[PDB]
Every structure is written in structure tokens, then in C-alpha cells.
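# Observations on the model geometry
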Amino acid sequence: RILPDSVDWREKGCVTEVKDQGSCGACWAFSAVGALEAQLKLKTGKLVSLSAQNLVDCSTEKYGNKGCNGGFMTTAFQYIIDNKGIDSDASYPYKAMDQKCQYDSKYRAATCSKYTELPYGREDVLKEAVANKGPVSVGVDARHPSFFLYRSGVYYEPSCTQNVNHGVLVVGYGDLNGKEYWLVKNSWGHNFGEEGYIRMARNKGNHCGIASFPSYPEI
Amino acid sequence: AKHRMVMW
Ligand SMILES: [Cl-]
Ligand SMILES: [Cl-]
Ligand SMILES: [Cl-]
Ligand SMILES: [Cl-]
Ligand SMILES: [Cl-]
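Residues numbered from 1 in each chain as written, not as in the entry; some residues may be left out. Chains lettered and ligands numbered in written order. Heavy atoms only, no water.

The record names X-ray crystallography as the way this model was obtained, at a resolution of 1.73 Å.

In C-alpha cells form, the structure reads like this:
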């Protein structure tokens, strides 16, 4: 296999609508469902938004996760594996608050058989995974207003570190007139960035920790 | 080394 110079999973219909997590630290759950959504499309041909709320409510203390106070994409995947399913967004809609677990196997929209973690800081391996496996869940350092106020172009933040805090989804990569980037789906609604997306600097020494903790699920 | 996705 030869790696393409650019990849965009939106062009294979493997990426759902941008979501808005609202005033709730559930980025981890959106990142996890976004990665699984792509695998579901590849597996079944169906593009279905999966329930971030299912994860907030049900993948809890046993998985190190704390609902609107943060969690882990990797252990979200493990909950879906353990639970033998996750509900669709439409059946278990998102409320930007912690709720009682309400999973109902009757509305299961996807399963998960395994997940894979990529080596820390390896943007070459991240590129390979995005090209050959699908969108990849990642953490980034987003605790800078420059991130919240991003509008267009390739984002580069000299104040960034590799200590990541915010879960997002890499759905592609490319370059903008030679400025290489990662195409990142955020969960701050469509008014964020470029229609909900941010293009973050690529091959700039693991900029903002984008390749610090990548993972992706399979079905 | 992975931290929750704490300072939200
Ligand atoms: Cl957030
Ligand atoms: Cl920080
Ligand atoms: Cl939105
Ligand atoms: Cl909107
Ligand atoms: Cl944060």
C-alpha cells in the first residue's frame, strides 16, 4: 500500500454531522462515537450517529469516566465491547448532563470488537492509521483561546504542549499550499472553526499533542 | 500517562 498525500473520510460518507457538546465535558464520548461511526459505515454501509449520551451515562466509574467531567475514548470503546452494543443517537439523544444509564439493546446501532492504541508521538503511524483504518480518536491541548477562536487555515499555537486535555477525531490529513495539516472534527457545533472542523499543524513535532494518545475501534 | 479528556 502507498500512503496517499491527502485523505478525507468525509468524501467516503464515513463522518456524521458535527455535534455540539454544550456545557458538558463529554468530548471524549463524541470522539469515541465518531470513530465508531466510520467503522459502522464501512461494515454495514449505513451512516448513523451513535449515542454520546449512552457513554456519558453508562460508561462510568468502572471505566475511569466521569460523564460531563471527562473520560477516555479507549475505555469508552471497552464499555461498548463489554456491553455488546451502543444505541443510536436518535434513540438515546444527548442532553449535555449526566443521567441514569438507560441503554436498551432493542435500539442497538453498533457493536465493537476491539480497539487499537497508537504509539505516542508518532505522526507517521497516525497518518498510516488514518489512511488505512479510518478516523482516529485523539487528544489535543485545546486550553488556549486561540483554539476556541480558530476560524480558518492551518492552526499553529506556539504555547501548545504535548499534554492533551480535549478529545477530538482525526478524519483526514492534507496540506494547504505546503502547510501540512490534520483534519480534525470537533464537537463544539458548526459555529466553531471551519464548519465545526479545525486543520491542525502536522509534522511539527507532535503539535498540541495530536499524536500523543491515538486510538481507533473496529467492528 | 493518559489523563482524562480534568481542567475542563
Ligand atoms: Cl471540551
Ligand atoms: Cl494547557
Ligand atoms: Cl452542532
Ligand atoms: Cl449549526
Ligand atoms: Cl479541558
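## Side note on the pattern of salt bridges
All names here are of chain A. What counts, and what does not: Think of a salt bridge as a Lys or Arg side-chain nitrogen and an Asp or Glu carboxyl oxygen that are within 4 Å of each other. Secondary structure counts use DSSP, requiring at least four H or I residues in a row for a helix and at least two E residues in a row for a strand, with both numbered from the N terminus. Summary of the burial criterion: residues with accessible area below 20% of their type's maximum are buried, those above 50% are exposed, and those between are partly exposed, where the area comes from a 1.4 Å probe applied to protein chains only.
Tallying each qualifying case throughout the model produces 7 salt bridges over all chains. Residue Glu 128 pairs with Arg 1 through a salt bridge whose shortest N-O separation is 3.0 Å. Placement of the pair is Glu 128 in helix α4 (residues 123-132) and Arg 1 in the segment before β1 (7-8), with a sequence separation of 127 residues. Overall, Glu 128 belongs to the partly exposed group, its relative accessible area being 35%. With a relative accessible area of 66%, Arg 1 lands in the exposed category. Between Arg 122 and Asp 124 there is a salt bridge; the shortest N-O distance is 2.8 Å. A relative accessible area of 43% means that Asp 124 is categorised as partly exposed. Salt bridges here are not isolated pairs; linked through shared partners, they connect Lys 114, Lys 133 and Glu 218.

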